[PDB]
10 protein chains.
Amino acid sequence: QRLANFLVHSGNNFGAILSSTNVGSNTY
Amino acid sequence: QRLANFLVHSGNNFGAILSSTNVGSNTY
Amino acid sequence: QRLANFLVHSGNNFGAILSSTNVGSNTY
Amino acid sequence: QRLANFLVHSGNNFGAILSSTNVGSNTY
Amino acid sequence: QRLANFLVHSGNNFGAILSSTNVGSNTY
Amino acid sequence: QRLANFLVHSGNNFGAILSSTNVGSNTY
Amino acid sequence: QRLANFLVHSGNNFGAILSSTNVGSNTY
Amino acid sequence: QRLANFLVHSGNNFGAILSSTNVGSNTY
Amino acid sequence: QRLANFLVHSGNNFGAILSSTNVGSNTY
Amino acid sequence: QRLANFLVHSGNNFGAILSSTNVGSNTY
């Protein structure tokens, strides 16, 4: 029913690849 | 029914590739 | 029903690859 | 019903690969 | 019902691979 | 320079009040 | 420079009040 | 420079009040 | 520079009050 | 520079108050 292929070539990663990230940084 | 192929070539990544990101940064 | 193939080639990783990250950094 | 294949080649890892991380860093 | 294969090749690991980590670092 | 006054009366709360929430719920 | 006053009256709380929450719930 | 006053009256708390919470719940 | 006053009245607490919590609940 | 006053009145506590908690509950 559902098929997904992921092929990634990374040299230098400082961020997010195939990832889920949550950051707050709130102020009261 | 559903087919998806992803091929990515990255040299230097400082952001998001195939990713989901949430940031708050709110102020009260 | 559901099939997913992941192939990743990383040289130097300072961030997230196939990961889920949560950070607070809130201030009261 | 559900099948997932993960193949990762890492050279130097300073972050997260196939991982879940939680950080607080909150201030009162 | 559910099948998952993980194959990882790491050279030098300073972070997390297939791991779950919790850090507090809070301040009152 | 900046002044804010918040006064809230809640009977029953199942959601968010003066809060910041992040949810992923992504699928690969 | 910045002044904030918070006054909250809660009867029954099942959610968040003056809080910051992060949830993943991702699937690979 | 920065002043904040918090006054909270809670009857029964099953969630979060003035708190920061992180949950993973990821699946591979 | 920074001043914060917290006054909380709780009857019955089953969750978090002025707290920081991390939970994994991940599955491989 | 930084001043914080905490005054808490608790009747019955089953959770966390001014605390930091880490739980794994992971499965492989």
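Values in this text are rule-based calculations from the coordinates and carry no lab data. Here the Cβ is made from the backbone with ideal geometry for all residues, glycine too, and neighbour counts use every protein chain on show.
Here are a few things to note about the model shown:
- The set of residues in region A:3-22 being over 13 Å from C:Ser19 (Cβ atoms) and under 13 Å from the mean Cα position of the chain (by Cα) consists of A:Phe6, A:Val8, A:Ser10, A:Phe14.
- For chain E, a residue qualifies if it is among the small types (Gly, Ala, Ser) and assigned to a strand (DSSP E or B), and the qualifying residues are E:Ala4, E:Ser10, E:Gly11, E:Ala16, E:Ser20.
- Counted residues, region B:5-28 - those being within 12 Å of chain F (Cβ to nearest Cβ) and exposed (fewer than 11 other Cβ atoms within 10 Å of the Cβ): 0
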